[PDB]
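Comments concern the structure below.
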Amino acid sequence: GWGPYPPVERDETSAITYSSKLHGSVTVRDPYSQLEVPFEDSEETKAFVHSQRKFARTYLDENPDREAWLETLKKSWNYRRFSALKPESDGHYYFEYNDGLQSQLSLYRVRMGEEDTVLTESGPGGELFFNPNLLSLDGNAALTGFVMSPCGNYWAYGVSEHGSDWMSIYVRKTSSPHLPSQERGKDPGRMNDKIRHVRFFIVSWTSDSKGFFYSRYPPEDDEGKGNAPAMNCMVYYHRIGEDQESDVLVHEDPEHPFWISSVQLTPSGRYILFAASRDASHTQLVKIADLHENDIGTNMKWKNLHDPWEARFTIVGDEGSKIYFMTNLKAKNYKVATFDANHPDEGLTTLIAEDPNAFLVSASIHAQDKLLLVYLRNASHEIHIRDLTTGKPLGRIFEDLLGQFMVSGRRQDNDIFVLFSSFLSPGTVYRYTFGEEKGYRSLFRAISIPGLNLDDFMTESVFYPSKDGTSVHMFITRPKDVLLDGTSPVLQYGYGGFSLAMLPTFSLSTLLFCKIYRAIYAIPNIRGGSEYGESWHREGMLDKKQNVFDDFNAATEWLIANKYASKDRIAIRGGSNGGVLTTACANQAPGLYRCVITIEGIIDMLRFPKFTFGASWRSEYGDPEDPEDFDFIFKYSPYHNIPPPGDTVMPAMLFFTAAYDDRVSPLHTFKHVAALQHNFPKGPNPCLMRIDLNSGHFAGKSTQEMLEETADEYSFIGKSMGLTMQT
Ligand SMILES: *C(=O)[C@@H]1CCCN1C(=O)[C@@H]1CCCN1C(=O)OCc1ccccc1
């Protein structure tokens, strides 16, 4: 007797006709099309959001395990967190720090040579440089990025107010840190520079430290609460001390408003790379200019790097006229190649060949002539050292560590700081010093979590057959003392797309779920990701997207068949592209799943191109307005494939979405929740929408909101699957 669902107005006439290769045309009905109108523009959308919000709150709050979860999460989340040390041109190391339950990581610094005094029981040490929590009253304003002037006197930084893809760029002196005395709701100590209407932090200082390049868009009233396509990306140069109105236009392309464009300077500041993107594929239109020839503006001598739309190019470094690129040019797994700007017609020369069995994730220069490569092989990271001059192998480092690495250190430094993490390791900072034949490794600092004994857990590697017989890898994290007797709950997380690998990643909350509910945490490395190189992505996109859903369903069947999980206690979870996975799998195999968690899900696979950044995803999903693509998209589009109610028991489903979410428009969740509640008015399992009116994502917003969302998710799974919380 948790019902009834709040009513939702239907438009029974609303339909769009799509061209179809098989059927000539298909008229598709959308009775909830009015919920495409943003919250702030429609009283109907407002009434839907408020009624669904209130309904979900009432259901979630009637479970006593919700408060129990909130308390469990507050205790366990209260641990000291930090990044590796990042060396900067002002002669300081910078590091992120959280004392425990602050919304945003704070930026601390220490004089190079004094770093052995930081991150102790006494506290972070060094000096507090920047506290993003001070920027807002709610802790929802976040640092989107930062870059120091080459001179080391200035610091350019991005702030997004409500966690949307809108930010302003500020500048402050490196002599002007945030003082501890200062209170919330202000950014004291900044210079007057304010760069508005930015949607991504790609910022390059000129070597004269007089100004920086940036990308911006036309102004927008509904600041991240609109859902119009993101259009008319422009490159500008800002001179320090000038109003944004004086900024010089570097590039615009009015013919192609859907293109995204940015510039990047080589570390020397001599060469500028222009890159335009027309979709989510790893392909660019690229141009190089030599800043020793040009004054900044629309009068720069742009040179051809390579034919457009064949490859992506990222700067690794430069040596005079030679530029080092990480590129996928005739190499889908990426490689390192050099360009001589003095011989453009010779094109690119291979320095490090493509590895046919490993995705090259990053390439960086250290100790003058050591090339550090991070490879993704078999769904985890490997570090290889190469000679910059010859490309000759100089050996592996951190081979004994299975997980992922974040590498800090510049070409002029003999040292790197490497943050290692996995499903079981929250964060170990190693220091590595390059030598002639071998280096020196030391453990600098390790994150400890008082609230949880990590030795109680194990991560295994299994391989399971998908529907088509493809062998898929899965990671299984679990408590060592849990019996595989077919009674355990599972939390099964998937994404499957955009060459994004699900690599070993530390999540405290997930391990608390495993301990408290005696549960298994399953990460199937399904197609669409880069776990087995770029071909793994190709086998899970466009007309092969169904492979992703089949891989995920087969993972669940395997866990049940091999007694890892109860048939009655499978919870699946996914976000963004992961939401196509959760909603498709719920439609295609509702009987496998007891609980489905969808975070900012993409669900309407016909209408996705019409909103914010959606048109770029046509490279991944296909173009719904193309007759050939329409047929394979329409087969799985979860919004259009909700099972007929008479012979399906739909799982319990909880949808998270945000008001400022301009990445995936909330309308996806709005319409699907409306449709599910309409199809299954009597459940028996509830379909709920949990909305945050004050963020545009679910990480790097207020700790209060994050705790409540997690307490809602875990308490909802507990209720839906009939679980008891263990001490
Ligand atoms: C989440 O998975 C959504 C839905 C499908 C793909 N996607 C993304 O967020 C993709 C994947 C990586 C980044 N991305 C994206 O949309 O970036 C475009 C962009 C957004 C904001 C500024 C600049 C570019």
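Out of the residues in the range 559-587 meeting the condition of being part of a helix (DSSP H, G or I) and over 30 Å from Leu483 (Cα atoms), tell me which one is nearest to the ligand (Cβ to nearest atom). The residue in question is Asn577.
The selection criterion, being assigned to a strand (DSSP E or B) and either in contact with a helix residue (DSSP H, G or I) (Cβ under 7 Å, 6 or more places away or on another chain) or within 16 Å of the ligand (Cβ to nearest atom) (or both), holds for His197.
Looking only at the range 245-300, which residues are basic (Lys, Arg) and either farther than 27 Å from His537 by Cα or assigned to a strand (DSSP E or B) (or both)? Even if it seems obvious, please write down each step before you answer.
To start, the set of residues in the range 245-300 that are basic (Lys, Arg) comprises 270, 278, 287.
Scanning the range 245-300 gives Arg270, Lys287.
Please determine whether any residue of the range 286-307 is under 20 Å from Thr338 (Cα atoms) and free of Cβ contacts under 8 Å to residues at least 12 places away in the same chain. Yes, the range 286-307 has at least one match.
Within the range 391-440, the set of residues being of a type outside the set (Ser, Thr, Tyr) and exposed (fewer than 14 other Cβ atoms within 10 Å of the Cβ) comprises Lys392, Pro393, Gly395, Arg396, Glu399, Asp400, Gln412, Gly435, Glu436, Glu437, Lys438.
Taking the range 600-658 as the range and being farther than 20 Å from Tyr18 by Cα and either among the small types (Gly, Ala, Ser) or within 13 Å of the ligand (Cβ to nearest atom) (or both) as the test, the residues that pass are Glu600, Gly601, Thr612, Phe613, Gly646, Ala652, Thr657, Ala658.
When only residues in the range 249-268 that are more than 16 Å from the ligand (Cβ to nearest atom) and free of Cβ contacts under 8 Å to residues at least 40 places away in the same chain count, which is surrounded by the fewest Cβ atoms within 10 Å (Cβ to Cβ)? First the steps, then the outcome.
First pass over the range 249-268, keeping only residues more than 16 Å from the ligand (Cβ to nearest atom): 249-250, 252, 254-255, 265-268.
After this cut, where a residue has to be free of Cβ contacts under 8 Å to residues at least 40 places away in the same chain as well, the list is 252, 254-255.
Details: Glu252: 15, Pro254: 8, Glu255: 6.
Restricting to residues being more than 16 Å from the ligand (Cβ to nearest atom) and free of Cβ contacts under 8 Å to residues at least 40 places away in the same chain, the top hit is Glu255.
Would you say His162 is in a loop (DSSP other than H, G, I, E, B), farther than 23 Å from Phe698 by Cα and not acidic (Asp, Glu)? The answer is no for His162. Screening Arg573 on (1) among the basic types (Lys, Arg); (2) more than 25 Å from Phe670 (Cα to Cα); (3) under 19 Å from the mean Cα position of the chain (by Cα) shows it passes everything except condition (2). Residues in the range 545-562 include at least one that is touching a residue at least 40 places away in the same chain (Cβ under 8 Å), touching a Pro at 6+ places or on another chain (Cβ under 7 Å), among the aromatic types (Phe, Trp, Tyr) and in the same structural domain as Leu688 (by TED's automatic domain parsing). In the range 5-16, the residues that are closer than 20 Å to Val49 by Cβ form Cβ pairs under 9 Å with partners that are part of a strand (DSSP E or B), at six or more places apart or across chains, as follows: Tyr5/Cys687; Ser14/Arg29.
Residues are listed down the side, and each one gets a yes or a no for (1) of a type in the set (A, V, I, L, M, F, W, C); (2) away from the ligand (no atom under 16 Å from the Cβ):
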| residue | (1), (2) |
| --- | --- |
| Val472 | yes, yes |
| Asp481 | no, yes |
| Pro489 | no, yes |
| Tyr493 | no, no |
| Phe498 | yes, no |
| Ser507 | no, yes |
| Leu511 | yes, yes |
| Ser530 | no, no |
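Of all residues in the range 63-74, those being assigned to a loop (DSSP other than H, G, I, E, B) and touching a residue at least 40 places away in the same chain (Cβ under 8 Å) number 1.
If we scan the range 455-478, do we find a residue that is farther than 30 Å from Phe549 by Cα and surrounded by 14 or more Cβ atoms within 10 Å (Cβ to Cβ)?
The first filter runs over the range 455-478 and keeps only residues farther than 30 Å from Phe549 by Cα, leaving 455-456.
Subsequent filtering for residues that are surrounded by 14 or more Cβ atoms within 10 Å (Cβ to Cβ) retains 456.
Within the range 455-478, one or more residues are farther than 30 Å from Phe549 by Cα and surrounded by 14 or more Cβ atoms within 10 Å (Cβ to Cβ).
Going through (1) within 16 Å of the ligand (Cβ to nearest atom); (2) more than 30 Å from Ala659 (Cα to Cα) one by one, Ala554 falls short only on (1).
One line per residue, one yes/no per condition, for (1) acidic (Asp, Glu); (2) under 22 Å from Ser530 (Cβ atoms):
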| residue | (1), (2) |
| --- | --- |
| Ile272 | no, no |
| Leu285 | no, no |
| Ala289 | no, no |
| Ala311 | no, yes |
| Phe325 | no, yes |
| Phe339 | no, no |
| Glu346 | yes, no |
| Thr349 | no, no |
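Of all residues in the range 617-655, those satisfying the criterion of being hydrophobic (A, V, I, L, M, F, W, C) and surrounded by fewer than 24 Cβ atoms within 10 Å (Cβ to Cβ) are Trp617, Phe632, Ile633, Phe634, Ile642, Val649, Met650, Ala652.
The sole residue among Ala363, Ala358 that is surrounded by 20 or more Cβ atoms within 10 Å (Cβ to Cβ), touching a residue at least 60 places away in the same chain (Cβ under 8 Å) and either aliphatic (A, V, I, L, M) or closer than 19 Å to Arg270 by Cα (or both) is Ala358.
Looking at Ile717, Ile691, which is the one that is of a type outside the set (S, T, N, Q), within 27 Å of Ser33 (Cβ to Cβ) and touching a residue at least 40 places away in the same chain (Cβ under 8 Å)? Full working, then the answer.
Details: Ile717 fails: within 27 Å of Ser33 (Cβ to Cβ).
Answer to the check: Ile691.
All of this is worked out from the model, or read from it or from the source named; nothing here is a laboratory result. As a convention, Cβ positions derive from the backbone with ideal geometry for all residues, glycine included, and neighbour counts pool all protein chains shown.
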